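Novice:
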Amino acid sequence: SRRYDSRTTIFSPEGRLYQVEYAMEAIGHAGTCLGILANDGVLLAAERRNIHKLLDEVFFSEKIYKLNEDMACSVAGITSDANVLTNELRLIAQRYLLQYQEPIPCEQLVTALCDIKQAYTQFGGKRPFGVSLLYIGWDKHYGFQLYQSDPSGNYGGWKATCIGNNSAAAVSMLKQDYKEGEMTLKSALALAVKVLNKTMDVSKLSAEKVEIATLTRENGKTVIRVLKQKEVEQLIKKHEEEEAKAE
Amino acid sequence: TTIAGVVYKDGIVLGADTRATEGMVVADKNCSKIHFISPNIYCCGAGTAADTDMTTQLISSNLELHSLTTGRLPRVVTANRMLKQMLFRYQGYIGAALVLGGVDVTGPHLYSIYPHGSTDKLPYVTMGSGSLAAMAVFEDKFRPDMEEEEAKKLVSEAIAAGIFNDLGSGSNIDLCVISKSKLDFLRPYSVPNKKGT
Amino acid sequence: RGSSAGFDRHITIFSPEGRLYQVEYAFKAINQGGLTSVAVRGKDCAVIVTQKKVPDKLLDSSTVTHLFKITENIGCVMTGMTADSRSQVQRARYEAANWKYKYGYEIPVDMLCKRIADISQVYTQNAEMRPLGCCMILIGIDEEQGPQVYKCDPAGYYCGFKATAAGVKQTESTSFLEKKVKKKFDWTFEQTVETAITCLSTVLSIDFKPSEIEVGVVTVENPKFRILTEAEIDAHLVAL
Amino acid sequence: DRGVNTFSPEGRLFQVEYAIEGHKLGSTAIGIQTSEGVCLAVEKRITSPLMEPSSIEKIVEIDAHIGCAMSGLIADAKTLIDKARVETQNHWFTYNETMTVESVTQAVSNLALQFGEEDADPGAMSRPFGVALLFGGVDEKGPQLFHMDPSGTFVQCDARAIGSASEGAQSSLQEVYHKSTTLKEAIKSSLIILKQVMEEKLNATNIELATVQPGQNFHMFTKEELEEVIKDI
Amino acid sequence: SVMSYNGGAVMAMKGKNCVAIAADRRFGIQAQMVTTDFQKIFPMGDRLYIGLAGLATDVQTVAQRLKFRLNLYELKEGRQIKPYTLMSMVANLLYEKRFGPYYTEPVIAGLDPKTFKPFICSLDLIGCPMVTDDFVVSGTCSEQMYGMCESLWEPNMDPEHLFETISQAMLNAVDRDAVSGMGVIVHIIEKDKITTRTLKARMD
Amino acid sequence: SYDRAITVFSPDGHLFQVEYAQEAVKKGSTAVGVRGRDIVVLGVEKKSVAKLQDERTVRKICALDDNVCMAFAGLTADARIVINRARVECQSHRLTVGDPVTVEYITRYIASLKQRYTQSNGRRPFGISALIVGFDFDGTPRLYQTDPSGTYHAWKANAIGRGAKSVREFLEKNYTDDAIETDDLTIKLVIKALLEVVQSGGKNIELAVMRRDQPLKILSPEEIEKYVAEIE
Amino acid sequence: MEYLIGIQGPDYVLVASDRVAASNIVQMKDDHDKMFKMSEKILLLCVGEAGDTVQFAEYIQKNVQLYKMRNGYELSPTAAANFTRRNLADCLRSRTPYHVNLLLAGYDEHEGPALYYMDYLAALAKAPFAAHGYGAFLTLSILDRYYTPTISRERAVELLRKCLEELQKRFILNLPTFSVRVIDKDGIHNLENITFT
Amino acid sequence: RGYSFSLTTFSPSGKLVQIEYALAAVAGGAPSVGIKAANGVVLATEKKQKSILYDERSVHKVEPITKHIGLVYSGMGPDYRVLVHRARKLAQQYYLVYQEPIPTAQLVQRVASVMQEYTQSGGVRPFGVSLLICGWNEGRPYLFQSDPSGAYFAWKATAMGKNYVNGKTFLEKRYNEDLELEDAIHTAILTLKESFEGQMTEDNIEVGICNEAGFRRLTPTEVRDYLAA
């Protein structure tokens with residue numbers, strides 16, 4: 002019936018799309034996620050949102066979701082939609098491999114997903130997914146990459162981005178400490194830790210409020226490895242030391 | 001293959017041999033032909049072994065669902081009805097022949113099921129390629145209201161007669177005894193043949 | 003008390019309290035007919051009694067019945083909207099026949115009740131249709147347990163009872179039956195018809211004539227669902 | 009609020025009543041029927057001198073003996089033009105003869121009003137069209153000129169004008185026309201009225217003109233002949 | 001016959017905490033050889049291989065669909081598959097086409113991921129799984145390798161003696177088949193090693 | 002299935018959904034294109050480059066075929082869908098008729114799609130405007146322009162987006178057969194036509210040229226940088 | 001029958017084919033093209049039933065061109081061979097299966113030359129030389145005798161000439177002319193034709 | 003034939019108030035409690051009948067799904083029944099394909115996918131129920147929880163229904179990681195006892211356990227002994 006319809010897919014008197022404008026503000030309040038590209042690999046570093054003592058850490062991660070032998074992602078927004086999107090990405094990668102007998106490139110994966118995100122804004126009467134993604138990967142043609150999608154369905158390659166909460170100030174401080182071409186993985190980790198330390202309202206990090214993954218090429222093979230609590234603690238100690246020494 | 005079941009005083013006894021062939025050559029020497037359907041219902045199979053496996057697995061899944069949904073023991077009549085309805089729906093193209101048997105709240109039952117979907121309830125029955133050899137022994141020695149040990153003796157002798165007179169059977173004898181309380185499975189029950197030293 | 007926001011009182015969507023107002027209105031629709039039923043189960047018998055108030059004397063009252071037969075050993079009594087109840091009785095008959103056709107034996111009372119209840123739960127969720135405004139009560143003999151008495155409702159809730167009562171006077175007609183399950187197993191013998199008639203009369207003050215009720219019966223001695231004659235009803239009434 | 013199909017207290021079909029108002033915002037066209045053929049003429053209404061004028065096609069050819077001139081939503085008119093072409097070719101294929109202007113106007117008018125939003129078709133229209141048409145041609149009875157509306161009502165005319173200045177264009181066409189014209193005086197007067205009512209200056213690149221006559225095919229005027237005619241006037 | 005149109009021969013044997021699988025290399029059409037490096041054994045897991053024989057197009061298709069499904073499974077669950085689970089999945093895949101089936105007979109050989117207990121099995125064209133404890137064969141010289149394995153097999157063998165036996169069986173089996181040969185490759189799946197070898201055979 | 006009339010008429014015969022789509026396309030970054038003697042050129046403005054992107058992934062100038070290219074304004078997510086459908090159409094035409102498409106053929110295809118999304122049930126209109134250029138087998142350059150309504154024209158030179166209201170007045174007065182004689186003349190014309198709308202100063206512009214040879218060549222930042230100095 | 005051949009060298013993939021287009025006892029054409037270029041470095045050769053060849057080959061070519069136009073780089077020979085096998089196998093059990101025998105030659109910026117064989121059942125191989133047709137039986141043993149893994153292009157054309165001469169002497173069909181071209185680093189290069197006037 | 007438009011939409015602040023309202027519905031059910039011990043899990047509910055007329059034996063709140071999984075709920079019973087039926091079907095399909103019993107995590111993922119589908123389709127409302135799943139596979143006990151939106155977690159001790167805040171506030175203190183299953187039952191019962199407003203009885207509550215041998219709900223004769231202490 003027409004009385005109960007909410008008209009999710011129409012234009013506004015100024016050319017806007019209100020449901021997408023509201024899903025973006027939904028994504029505005031999620032947990033902070035950040036990525037950084039370097040000479041020898043990429044890295045993700047999210048923030049743990051559920052810190053209750055009575056929880057269980059059975060999973061190898063909370064917001065990583067290895068998608069393929071060469072890629073991985075991270076989400077912000079609604080977990081329920083995130084699960085659907087992750088299943089779809091895995092299916093797309095396997096269909097590509099079945100047709101060509103080679104792994105898929107990262108831009109083709111991101112494109113095939115953003116088409117699905119866009120088809121939810123033009124017809125159907127449904128509502129759109131309230132999820133933003135970051136991707137990392139490695140392929141034959143361009144090597145280490147790092148992308149980002151949004152609810153509307155448009156993406157873009159970056160070198161150091163950030164979504165979630167306080168991502169504005171995160172990117173603002175990222176612009177002044179990133180130097181193109183000279184960054185190694187260790188300086189990347191240092192900058193990531195020192196950005197996460199500020200853009201989180203808490204007094205100081207805890208090595209369990211964070212979650213860190215990297216990506217490298219070793220012996221003609223891609224390795225995607227989530228860092229461990231002790232490693233993270235050591236990194237935090239290193240950050241604590243040098244910062245303290247300066248002043 | 002030779003399968004044979006009997007109805008004694010307080011339950012059922014089924015049996016089979018353990019040789020699978022492919023043409024004229026022995027493929028397996030321990031092929032198992034007595035399948036689980038429910039904690040009180042079992043089944044034997046002859047014919048296209050892939051069809052037997054598929055059909056019995058599907059029926060076992062359906063019966064587990066039905067029992068979970070009602071909350072009580074399932075029934076041999078329900079299993080028989082499901083099987084025959086499927087087999088008739090497929091017009092004989094699924095080539096399985098079955099010796100379903102169990103014990104429910106009503107007592108011991110024993111059915112025969114054929115590839116086209118026709119059924120028949122009986123007190124004893126045989127199937128396979130040595131079915132005539134086992135049926136001769138059954139006709140010659142079956143007595144109503146028998147006891148457990150003699151039922152086991154009779155069914156093992158029928159299976160042995162099928163094994164020694166049929167080129168497509170041999171190598172071992174399984175037995176499965178179902179009563180109102182127990183559920184006894186005897187996989188290496190008899191070993192009439194031993195390889196030369 | 004419970005605020006509203008949007009289309010809450012027009013379709014089956016959650017209120018700011020999670021209340022589903024459009025389902026609280028079918029309960030009020032139940033009280034529109036103006037009748038009352040009472041079912042009591044005994045040690046070897048289940049009994050149904052139903053008010054029979056015809057408006058005036060031009061109707062052929064041999065057709066105004068609230069008692070129905072589902073299978074040979076299952077009987078039912080409706081309360082609420084008449085055409086709704088007819089559609090529900092047709093659905094129950096079809097379910098009961100399909101069960102026998104599929105599985106080879108006769109459907110139990112609780113299985114039939116659960117089927118009707120999940121059929122109604124769907125009307126509680128989709129927005130294009132409305133819930134049926136009627137209640138249902140079932141009786142029968144289970145070969146394993148014995149007598150059974152079950153009741154559904156427009157929300158999809160299908161508990162089981164020792165002695166029920168549905169209709170306009172539900173609260174007090176159950177407050178009466180509350181006092182009598184204290185001892186003697188609520189007179190667990192074939193004369194629970196006395197208890198049913200007494201409970202129906204206590205809060206209505208009618209002292210019914212030999213033809214303003216209907217009664218139905220199943221027994222362990224004869225399992226089929228029988229509808230007692232006027233003379234039989236009169237004898238019980240006369241004894242009272 | 010309402011649906012697309014909804015009568016009014018006068019039984020008027022709101023959406024059709026609006027699609028009709030969508031025509032008083034187009035550029036004027038004019039057709040005229042003679043005993044020697046028909047002529048069509050339409051203003052081009054150039055916007056800025058950077059737009060190519062040879063890219064405004066408002067007078068198309070349906071077949072070797074029928075032409076059409078439109079006004080309204082030029083984006084909408086194209087499906088109608090395509091379907092008319094296809095129908096004429098089907099008629100040739102099946103009966104080995106040419107269709108008739110009456111039959112083409114009638115078949116095109118049957119697409120109007122075929123809209124709705126429930127149990128209509130797999131892919132169906134959601135609103136009425138917003139184009140008025142003008143057919144011309146010759147057949148086994150002679151030159152004919154028809155007119156079509158978004159409501160689906162088609163008439164037969166001898167001098168019709170559609171557009172945003174028609175209430176003023178017909179007030180002159182009714183005085184100019186007579187049953188004893190020749191196509192040449194027809195062309196002259198059809199140009200004089202255009203010049204009368206337009207906002208710009210009637211020169212040889214902001215107008216269009218075509219003619220069908222019993223002898224020849226559908227033929228469009230050239231920037232040579234057109235210029236000569238304008239200068240001659 | 002259709003399953004005798006490209007030839008082929010696969011074989012698996014079980015030892016004491018070790019498995020072994022072997023195949024031939026010839027790829028040809030009815031009576032003419034084309035290449036001699038055809039792959040018929042696929043690494044489904046860390047210590048879990050599958051060998052396919054029959055029509056070569058269906059060998060390739062079934063291998064590719066199986067890799068599809070196994071990748072999806074190991075991404076969704078979070079661990080590696082077991083030999084028993086893989087056999088059921090392959091049987092389901094083959095039975096989905098009960099009418100109009102693939103012409104291929106697979107063979108599985110692996111090690112239990114936590115007890116390191118061997119496993120061998122073979123399936124028929126329609127998906128009938130038979131698990132054994134000594135050896136399985138499949139191909140055009142099935143009877144020849146039956147005759148070889150029954151005589152040469154022993155229980156509780158070392159990897160060395162297992163390799164010797166499976167190689168000595170495959171050689172003499174394919175030396176009497178017209179549409180098999182051109183060399184043999186042998187994989188030895190131990191607990192912490194996977195040794196591969198190529199034997200010298202006849203090329204006629 | 003969703004079957005509702007999203008875009009419908011209004012009093013005074015307006016289509017509010019199409020008018021809103023155009024109000025949206027009036028907010029993109031400016032694009033400019035001209036038609037040369039033996040060359041065709043386009044040019045798009047970059048609002049901000051953000052010092053951290055990879056420009057290889059945010060290009061607003063694609064290539065539909067060997068001889069056709071386009072550039073848009075509006076919504077990138079809709080532009081991508083339109084572009085891929087146009088690519089599939091070019092391949093189908095090549096397959097069936099054994100000849101590369103004309104520019105007007107692909108312009109008609111795109112405009113037909115855009116119009117179909119204004120009269121179907123359960124859809125909103127596209128929110129982009131395109132400029133299509135290229136060469137044909139004759140050797141004649143073309144330049145067209147579509148609208149969210151499905152109407153298209155052919156132009157000497159045009160500008161879409163914001164600031165086009167002044168870019169058009171500038172280009173109208175300055176376009177003449179003299180600034181057309183050579184490629185390094187027309188390119189400076191386009192550059193100074195874009196610069197007075199770019200209020201940032203310098204080059205925040207992408208510029209692609211397409212000649213009868215070495216198709217869809219894209220000028221490097223350094224090369225485009227040289228021309229700016231020459232103008233001053 | 002039509003003729004096809006391919007020879008892979010250190011950095012070249014020399015191929016060849018014939019030019020006859022017979023219909024019946026007559027010859028309809030004399031210079032027919034059995035090579036379909038699909039990319040700047042990929043060639044596709046076809047034989048078999050009329051209609052099937054061209055219908056099948058043009059479909060592959062349009063899909064390869066579309067891939068390039070979408071993604072900004074070209075397919076590799078391996079990807080093209082696998083795409084071809086897939087599309088050919090998916091039609092095998094459908095309502096209309098093709099009857100084409102193929103040969104894919106290529107060259108890539110990492111792995112070098114590549115030569116793929118594919119019969120009409122969609123089984124894909126990789127070889128240092130191959131051939132389709134009835135003349136394959138006669139020319140497969142000259143290549144066996146004289147091929148070398150490090151052969152140069154000067155000698156490769158020599159060997160191909162020897163094969164074609166053997167065909168001229170010993171075949172019962174009349175095949176007078178053959179196309180010859182090479183795919184090296186610099187794309188495809190048409191070469192001199194070989195005629196036996 | 004059915005509506006095709008969504009009934010859950012975004013608000014000017016990015017909220018989904020239909021899901022928030024389904025959660026407000028869940029916050030008004032009956033208390034539930036789960037506690038994972040070193041060798042098993044425990045589910046304990048409040049099965050309080052309205053009056054003495056109701057036959058208690060007929061309806062249960064603690065149900066099995068397979069031979070090793072069982073669950074309880076809080077919220078709406080008619081919705082709980084639909085979820086139970088679809089979970090049983092999901093487990094049977096998995097066993098049909100793999101000839102293996104499904105793991106608890108895969109079960110929870112599929113159930114939460116269904117619950118999520120009911121937040122974005124046309125013409126439906128979300129479920130008004132949260133679940134508490136139990137299981138044991140590969141020598142380890144599991145305990146998950148599913149929300150009306152489709153988001154699932156993993157806990158060591160949780161609490162639903164009315165007075166869940168104080169429930170988990172009390173649950174945090176006592177919980178030990180070395181706790182045996184028999185001594186965990188006391189804490190589960192005690193937690194329920196804090197907010198009961200009445201007198202405990204063998205028919206006021208339901209209790210299910212899961213260890214190495216499978217899932218089963220305790221019988222009133224055993225609940226009696228456990229309540230004696």
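Residue numbers (the deposited numbering), protein chains in the order written: chain Q, 2 to 248; chain W, 1 to 197; chain O, 3 to 242; chain S, 9 to 241; chain X, 1 to 204; chain R, 2 to 233; chain Y, 1 to 197; chain P, 3 to 231.
Think of the CB as a built atom: it goes at the ideal place given N, C-alpha and C, for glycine as much as any other residue.
1. Might you give, ordered along the chain, the residues of its own chain that have their beta carbon closer than 7 Å to the beta carbon of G117(W), omitting 5 neighbours on each side?
2. What runs of the alpha helix (DSSP H), each 4 residues or longer, lie entirely inside the region 31–84 of chain Y?
3. If you draw a straight line from the alpha carbon of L171(X) to that of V10(X), how long is it in whole angstroms?
4. Compare the C-beta of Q95(P) against all C-beta atoms of chain Q and say whether one is closer than 9 Å.
5. Kindly confirm or deny that the region 130–140 of chain W and the region 103–122 of chain W touch, where touching means at least three C-beta pairs closer than 8 Å.
6. Quick check: is the beta carbon of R65(X) nearer than 9 Å to any beta carbon in chain Q?
7. So which residues of chain Y does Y101(Q) contact, with C-beta pairs closer than 7 Å?
8. Taking contact to mean 3 or more Cβ pairs, one atom from each stretch, closer than 8 Å, check whether the region 6–23 of chain W and the region 170–182 of chain W are in contact.
9. What residues from chain R crowd round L119(S), counting only those whose CB sits closer than 9 Å?
10. Excluding five sequence neighbours on each side, which residues of the same chain lie with their C-beta closer than 7 Å to the C-beta of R17(Q)?
11. Report the neighbours of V199(R) on chain S: residues whose CB is nearer than 9 Å to its CB, in chain order.
12. Considering only residues of the region 158–227 of chain Q, which uninterrupted beta strand (DSSP E) runs meet the minimum length of 3 residues and lie entirely inside it, listed in chain order?
13. Under 6 Å Cβ to Cβ from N159(R), same chain only, skipping five residues before and after it: list those, please.
14. I need the straight-line Cα distance from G151(R) to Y3(R), nearest angstrom please.
15. Check whether the Cβ of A233(O) lies closer than 8 Å to any heavy atom of the ligand NAD, and answer yes or no.
16. Can you tell me the Cβ-Cβ gap for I143(O) and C78(O), rounded? I've got them flagged as a contact below 8 Å.
17. Do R125(R) and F124(Q) have their C-beta atoms within less than 9 Å of each other?
18. Report yes if the C-beta distance between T87(Q) and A153(P) is below 9 Å; otherwise report no.
19. For the alpha helix (DSSP H) that contains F217(P), what are its first and last residues?
20. Threshold first: 4 residues or longer. Then list the alpha helix (DSSP H) segments lying entirely within the region 56–138 of chain W, N to C.
21. Could you give the DSSP three-state label for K162(Y): helix, strand or coil?
Specialist: Put simply:
1. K84, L87 and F88
2. 52–71
3. 12 Å
4. no
5. no
6. yes
7. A79, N82 and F83
8. yes
9. Within chain R, no residue comes near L119(S); the closest Cβ sits about 12 Å away, beyond 9 Å.
10. none
11. Chain S residues near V199(R): none, gap ~21 Å exceeds 9 Å.
12. 161–164, 211–219 and 222–227
13. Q146
14. 23 Å
15. Of ligands this structure carries none, so the ligand NAD is not represented either.
16. About 14 Å; that fails the 8 Å criterion.
17. yes
18. no
19. First-last for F217(P): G216 to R219, but that is the beta strand (DSSP E), not the alpha helix (DSSP H).
20. 76–89
21. helix
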